[PDB]
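Taking it in order: structure first as structure tokens, then the write-up.
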Amino acid sequence: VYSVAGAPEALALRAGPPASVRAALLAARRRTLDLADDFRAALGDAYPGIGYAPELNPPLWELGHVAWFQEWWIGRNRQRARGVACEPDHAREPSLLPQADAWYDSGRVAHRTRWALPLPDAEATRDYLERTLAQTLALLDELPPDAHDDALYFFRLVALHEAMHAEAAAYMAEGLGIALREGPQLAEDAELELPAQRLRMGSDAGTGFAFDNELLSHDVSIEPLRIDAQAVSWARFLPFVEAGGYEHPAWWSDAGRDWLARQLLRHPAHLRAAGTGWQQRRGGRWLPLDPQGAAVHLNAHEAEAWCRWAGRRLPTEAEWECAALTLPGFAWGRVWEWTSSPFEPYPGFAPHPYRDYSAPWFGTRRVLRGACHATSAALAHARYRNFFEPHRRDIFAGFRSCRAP
Ligand SMILES: C[N+](C)(C)[C@@H](Cc1cnc[nH]1)C(=O)O
Ligand code: NA
Ligand code: NI
């Protein structure tokens, strides 16, 4: 369980016995409910509760969706023990909630529709979470200590899914100005030498859970490189803004210039000018910017444009994964980091039972690697592939740079 690829929670969730997965499910639910109570403390109980935006979902919808997904792949799943060989579309038991599928299945309930749904109230939503988890843990307790990877697959999957939605709660709270009880400085900007080598990129078979987009592992050639030891700080990033870099379209790509054309505010989000200085928004509060913090809420175009101005580039996801795994002193986990790699399948990819996790998003999404401060330690992993459209700035995204010698 001790590795440089992730914290012990991450390896215990992916490969550990039922006791470890049980611990992960309880910890995930504790986090989910604490975030839910922090949203409730700001918003109260009205539904939908929040104004509309494409990158938000109504708080009670997120809670129900977390329960719905767990119940879909555990309690209602008639082929749990088959793991990745489960037939996605087999007929399942009915949910505790008759309208659950019509409300919480995201591939069926169009986004704008969610704001008008007659969802269960705040307390009935928590009852649904409670009962589904009680059922989940009871089925988990039937597994023996040496339970096979196939027997534990969906218990690991639903735990990781809830972790992803907790992080979404954290960055949606930033958008909404909601302060959280669970809620950033970097150390020295430095350069590290990555020598030429071979990397066996992706997840192997002996280890337990892998996301489908991590398969199959394959060899990749890594060229000699000098790579930042940490994400780009504000002190490093902001001279680009000060040199009028946002008013100089030569620094930007085709899609970057397009995106920059529509931009009302020509600097990173959640920043604002204050005299000759800067303020940054955090927990709905504006505070003087810390230059030694990581630059955050930048999109792929902003990261690439800084790189062109600086004469550097983004790493490929292979270069990133190699450095994270082989270079002590390469520090990650403060912000997700845009790479230069589009989200594409590895050689031998095959979609897993939750078929819509990766495959619909190839090509239109850019890979980010690492983790941010709001990523659960049970999820954060040097082989994990995050994927968002290159324009997104609501997520906790930044970057690091590199250049060949
Ligand atoms: C892996 N990311 C974070 C890109 C996913 C996580 C996810 C949550 N429920 C389904 N998938 C996303 O935002 O769609
Ligand atoms: Na490290
Ligand atoms: Ni989801």
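Just the heavy atoms: all of them, side chains too, but no hydrogens, waters or symmetry mates, feed the values below. Positions are given from 1 along the sequence. Note that ligands are numbered from 1 as they come in the structure, with each ligand's atoms numbered from 1 the same way.
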Does atom [atom1] of [X] have more than 12 heavy-atom neighbours from other groups under 6.0 Å away?
X      : atom1 : value
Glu123 : CD    : no
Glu223 : CD    : no
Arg92  : CZ    : yes

After noting the C-alpha distance and the side-chain angles of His267 and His297, does the key distance pass the ring pair (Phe, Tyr, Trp, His ring centres under 6.0 Å) rule?
CA-CA 10 Å; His267 55 53; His297 301 297; over 10 Å; no
Do the ring planes of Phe349 and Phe362 sit parallel (below 30°), tilted (30 to 60°) or perpendicular (above 60°)?
perpendicular
Less than 3.5 Å apart, any donor N or O on the side chain of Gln263 or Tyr246 sitting next to an acceptor on the other?
no
As a quick check of understanding, evaluate ring pair (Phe, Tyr, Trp, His ring centres under 6.0 Å) for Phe211 and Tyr384, giving each step before the final call.
CA-CA 8 Å; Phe211 289 103; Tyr384 181 88; 5.3 Å; yes
Starting from atom 7 (C) of ligand 1, which protein heavy atom do you reach first, and at what distance in Å?
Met164 SD, 4.0 Å
Do me a favour and list the nearest non-hydrogen protein atom to atom 9 (N) of ligand 1 with residue, atom name and distance?
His165 NE2, 3.0 Å
Heavy atom of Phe69 under 4.0 Å from ligand 1?
no
Is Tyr354 near ligand 1, meaning one of its heavy atoms is under 4.0 Å from it?
yes
Spatial distance of atom CZ (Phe399) from atom OG (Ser401) [nearest 0.5 Å]
6.0 Å
State plainly whether the residues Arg76 and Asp101 are in salt-bridge range, i.e. N to O under 4.0 Å.
yes
So, leaving waters aside, the tally of protein N/O/S atoms less than 3.0 Å from the Na ion (ligand 2) stands at 1
List every atom of ligand 1 that sits less than 4.0 Å from any heavy atom of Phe387, numbering the atoms from 1 in the order shown and giving each element.
1 (C), 4 (C)
Ligand 1 to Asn386, heavy atom cutoff 4.0 Å, flagged ligand atoms 1 (C), 2 (N), 3 (C), 4 (C)
Check whether NZ of the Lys or CZ of the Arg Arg114 lies under 6.0 Å from the centre of the six-membered ring of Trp61 and within 45 degrees of that ring's axis.
yes
Is there a protein heavy atom less than 4.0 Å away from atom 5 (C) of ligand 1?
no
Using a distance threshold of 4.0 Å (strictly less than), state whether atom 2 (N) of ligand 1 has a protein heavy-atom neighbour.
yes
Would you check if the side chain of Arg78 reaches a backbone N or O of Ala91 as a donor-acceptor pair within less than 3.5 Å?
yes
Any N or O on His161 sitting closer than 3.5 Å to an N or O of ligand 1?
yes
State whether the shortest distance between N or O atoms of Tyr384 and N or O atoms of ligand 1 falls below 3.5 angstrom.
no
Apex the Ni ion (ligand 3); atoms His65 NE2 and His165 NE2; angle rounded to 10 degrees:
90°
